[PDB]
Amino acid sequence: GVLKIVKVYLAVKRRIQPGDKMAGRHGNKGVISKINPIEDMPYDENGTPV
Amino acid sequence: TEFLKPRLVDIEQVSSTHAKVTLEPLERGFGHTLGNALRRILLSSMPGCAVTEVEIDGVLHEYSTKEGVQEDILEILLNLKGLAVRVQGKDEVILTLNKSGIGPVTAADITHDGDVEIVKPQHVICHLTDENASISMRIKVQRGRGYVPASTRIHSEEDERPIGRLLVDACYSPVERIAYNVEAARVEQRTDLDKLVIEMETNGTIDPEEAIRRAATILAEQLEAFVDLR
């Protein structure tokens, strides 16, 4: 029945975003709730944000 | 109101990237008020120049590999994000980079345009393995502010789709790190009087001094709206 087949390969870059699932290696899971601006994030005495 | 204004005192420039700025005298509580307000504008609102579009000849997409080049196109683009650029006059400049032969392709191989200044000429972009290999590309640098990802830019204008242009991230924001310390300025009478020490760490482009001036300008522009309209 099949005369010819054309296979298309699409590439996609997916960004991390609210709803995405993240975990550690101690079975500690989570869903990302919000992406905070750098300014807002807790920072060290040295000024480096978490 | 016995109003007590601060003035810019000392500018330690440890490096072109890192610069400490002491500020006094500040009245009690204005240390943190100005400290954080400025930190937030300096991180989110700072204007700068950054690579927006790159077009390499013989390259249709960013996932291909060019022969005679160790790095895949993605890795080359990530290096061009780190390329430190100053545009003096124009908002948008297209620089040309043509290089051949065996060697680490540096930022100096870009044709020095008159108004444009490359802050880090030794910045690595590409490693050429085979001597016969030549790379040629046209790097567009635009001026903007904050962070403009290619994904946020692939969902806005897109009036023309020229199969051959690659969109990469360009952190306009010159400011990499900022922290402010409130130290006591044991003032002539007042011991509650304090100094503000702002430790800034930028990449190239913006001058620390100039950036603080701009950030204070933006905050004062926003206050005109509240002082004026009731």
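Residues numbered from 1 in each chain as written, not as in the entry; some residues may be left out. Chains lettered and ligands numbered in written order. Part of a larger assembly, values for the part shown. Heavy atoms only, no water.

- The deposited coordinates, according to the entry record, derive from X-ray crystallography at 3.900 Å resolution.

1. Topic: the overall build of chain B
Right, on to step 1. A count of helical and extended segments in chain B gives four helices and 14 strands.
Right, on to step 2. For chain B, the C-alpha radius of gyration of 22 Å lies well beyond 17 Å, the compact-globule estimate for 230 residues.
Right, on to step 3. Across its three principal directions, the C-alpha atoms of chain B cover 75 × 40 × 30 Å.
Right, on to step 4. Across chain B, every contact between residues at least 6 apart in sequence was considered, and the portion connecting residues at least 24 apart equals 71%.
Right, on to step 5. Only carbon and sulfur atoms are counted for the fraction: they give 48% of the accessible area of chain B, which is about 13600 Å².
Right, on to step 6. Charge separation in chain B, taken as the distance between the mean sites of 26 positive and 39 negative side-chain charges, equals 6 Å. (Helix = DSSP H or I, 4+ residues; strand = E, 2+ residues; numbered from the N terminus. Rg over C-alpha atoms; globule rule 2.2 N^0.38 Å. Contact = heavy atoms within 4.5 Å. Areas by Shrake-Rupley, 256 points an atom, 1.4 Å probe, with all protein chains shown as cover. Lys, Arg positive; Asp, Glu negative; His and termini not counted. Charge placed at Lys NZ, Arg CZ, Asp CG, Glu CD.)

2. Looking at the interface of chain B and chain A
Right, on to step 1. Taken together, the contact pairs 16 residues of chain B with 11 residues of chain A.
Right, on to step 2. Note on chain B versus chain A: buried area summed over both sides is about 1100 Å², and carbon and sulfur give 47% of it.
Right, on to step 3. Here chain B is connected to chain A by three salt bridges.
Right, on to step 4. One salt bridge in this structure joins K13 of chain A and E62 of chain B, with 3.7 Å as the shortest N-O distance.
Right, on to step 5. Elements with a minimum of two residues in the side of chain B that touches chain A: α1 (30–44) and β13 (175–184) of chain B.
Right, on to step 6. The element best represented in the side of chain B that touches chain A is α1 of chain B, accounting for five residues.
Right, on to step 7. Looking at the side of chain B that touches chain A residue by residue, the class counts come to eight nonpolar, three polar and five charged. (Buried area = accessible area lost by both parts, 1.4 Å probe. Salt bridge = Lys/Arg side-chain N within 4 Å of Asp/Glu carboxyl O. Nonpolar A, V, L, I, M, F, W, Y, C, P; charged D, E, K, R; others polar.)

3. Concerning the environment of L4 of chain B
Residues and elements named next belong to chain B.
Right, on to step 1. Tracing the backbone through its elements, the reader meets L4 in the segment before β1 (7–12).
Right, on to step 2. Each C-alpha atom, one on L4 and one on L26, is 7.4 Å from the other, the two residues being 22 residues apart in sequence.
Right, on to step 3. If sequence neighbours within four positions are ignored, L4 has contacts with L26, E27, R190 and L193.

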